[PDB]
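1. coords below, sequence missing:
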RNA sequence: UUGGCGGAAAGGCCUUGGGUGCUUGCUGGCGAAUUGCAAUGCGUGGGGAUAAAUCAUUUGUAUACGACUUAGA
């Protein structure tokens, strides 16, 4: 914060990479039934509830039906049913 | 547990009878969580008894040396 650099490491250039919201595939819609391909609950059927700002999908089993609680999941490890 | 069957490398096929579990065929309840967003998720090396082999002896229907051929608790 206030310590002067004791070794003049070169500063990084102005990176021209602005963050953009994830463009999820149209097949992913809220309320869709999802199949988990990996992780603790791999192979379980899950319901798509909400999209999170961290590029993850807020999902629920529901917990009562199959024991899968509210957890974050990646869209790339999920198959969206009709 | 009963009966038959499979010889090509059968060694497998059913099957009468009962025993004990599941049944998602149908109706419901209990728990999943925090692993936190994926890192696939089987015989020795030393002893106790002993079935058998080789050597010793002998044998000669065998013989350059191995090998082969007999018999004595």
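-> Arrived safely, thanks for sending. Numbering: from 1, shown residues only, chains lettered A, B, ... in the order given.
2. quick one: strands adjacent to the longest strand along chain A?
-> Longest strand of chain A, by residue count under DSSP state E: strand A:45-51. Under the criterion DSSP bridges, strand A:45-51 sits next to strand A:33-36 (antiparallel), strand A:56-60 (antiparallel) in its sheet.
3. Show me what that strand is in contact with.
-> With CB atoms under 8 Å, 6 or more residues apart in numbering as the test, strand A:45-51 has contacts from A:22, A:24, A:28-36, A:57-62, A:66, A:68, A:70, A:73, A:78, A:80. The C-beta positions use only the backbone N, C-alpha and C, and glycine is treated the same way.
4. what about that strand and RNA strand B, touching?
-> No - contact check for strand A:45-51 against RNA strand B, using CB under 7 Å from any atom of the strand: none in range, with a minimum separation of 9.7 Å.
5. Among the strands paired with strand A:45-51, show me which one is buried the most.
-> Most buried of these, by mean neighbour count (mean count of other CB atoms under 10 Å): strand A:56-60, with a mean of 19.
6. follow-up on the earlier one: now for the strands paired with strand A:45-51, which one comes closest to RNA strand B?
-> With CB to the nearest atom of the strand, the closest approach to RNA strand B among these belongs to strand A:56-60: 4.8 Å.
7. State the distance from the residue nearest the centre of chain A to residue A:79.
-> Computing the C-alpha centroid of chain A and ranking residues by CA atoms, centre = their mean puts residue A:56 first, at 1.6 Å. Distance of residue A:56 to residue A:79, given as CB to CB, to the nearest Å: 16 Å.
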